[PDB]
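A quick write-up on the structure given underneath.
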Amino acid sequence: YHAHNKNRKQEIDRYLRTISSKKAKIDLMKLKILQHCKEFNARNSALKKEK
Amino acid sequence: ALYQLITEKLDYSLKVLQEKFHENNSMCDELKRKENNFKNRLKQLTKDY
């Protein structure tokens, strides 16, 4: 059980670290949600004016 | 005399190790499924990107 303590400690560290990267984990896949937002008019309005 | 208290210490160590092993059992699957939900958020968020 002692060794398996480290077995699971490494796994939990892996999960918690991949979950501590992406914000800790998810805004590496959201924060440009702001981009999918702003570029709405960053592109269309940039061409909306000229159209 | 060394026997009695050394056996006491080993019983205490066994109990503590059982506690910590049972603790470590859960959080691994916990982070498994919570990172899984992170992916799901990305999984269902294939829309974005």
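Brief remarks follow.
- Comparison of A:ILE12, A:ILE19 shows that the only residue that is touching a helix residue (DSSP H, G or I) at 6+ places or on another chain (Cβ under 9 Å) and closer than 28 Å to B:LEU14 by Cα is A:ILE12.
- Check on B:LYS34, surrounded by 11 or more Cβ atoms within 10 Å (Cβ to Cβ) and part of a helix (DSSP H, G or I): yes
- Matching option when the condition is in contact with a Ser or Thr (Cβ under 9 Å, 6 or more places away or on another chain), in a helix (DSSP H, G or I) and free of Cβ contacts under 8 Å to residues at least 60 places away in the same chain, among A:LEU47, A:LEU28: A:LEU28
- Residue in the stretch B:31-38 that is without any contact (Cβ under 8 Å) to a residue 12 or more places away in the chain, over 30 Å from A:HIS2 (Cβ atoms) and not aliphatic (A, V, I, L, M) present: yes
Reconstructed Cβ throughout: ideal geometry from the backbone, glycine too, with neighbour counts over all protein chains shown. Every number in this text was worked out from the coordinates using simple rules, so none of it is lab data.
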